[PDB]
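**Student:**
There are 2 protein chains.
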Amino acid sequence: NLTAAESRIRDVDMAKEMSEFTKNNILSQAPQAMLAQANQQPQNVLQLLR
Amino acid sequence: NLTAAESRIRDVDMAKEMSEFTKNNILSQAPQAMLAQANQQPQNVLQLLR
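Dropping the structure here:
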């Protein structure tokens with residue numbers, strides 16, 4: 255039962271940390287595409303305001 | 255957000271300054287032609303009052 259106590263500090267809800275793993279992955283693939291859009295919009299300033 | 259503050263001094267409304275750019279260009283092509291007319295009228299003093 256001490257080993258049980260050892261688990262309830264170090265043990266992983268592998269389902270949980272997988273959920274936060276893919277959650278964070280999605281929120282790391284998303285803002286990338288946003289950075290694309292931001293680094294793509296002023297091209298129409300150059301090419302259509304001018 | 256400090257960089258935002260940095261922009262709101264140095265940043266250009268490129269549309270705006272383009273508008274004043276062409277506005278000023280028009281008002282720099284116009285008075286030229288006026289200077290032509292002024293430097294062309296007295297020719298008829300010489301050539302028709304005389």
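Line order of the protein sequences matches chains V and A.
For any residue, its number in the entry's author numbering is found by taking its place in the first sequence, counting from 1, and adding 254.
For any residue, its number in the entry's author numbering is found by taking its place in the second sequence, counting from 1, and adding 254.
We treat Cβ as the ideally placed atom computed from N, Cα and C, and that holds for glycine.
For a contact defined as C-beta to C-beta under 7 Å, what are the partners of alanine 269 of chain A on chain V?
**Tutor:** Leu303
**Student:** Please decide whether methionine 288 of chain A counts as near chain V, where near means a Cβ-Cβ distance under 9 Å.
**Tutor:** No, because no Cβ of chain V sits closer than 9 Å to the Cβ of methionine 288 of chain A.
**Student:** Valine 299 of chain V versus chain A: which residues are under 7 Å apart at the beta carbon?
**Tutor:** The contact set of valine 299 of chain V on chain A, defined by CB atoms closer than 7 Å, consists of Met268 in chain order.
**Student:** For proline 296 of chain A and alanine 284 of chain A, what's the separation of their Cα atoms in angstroms?
**Tutor:** 20 Å
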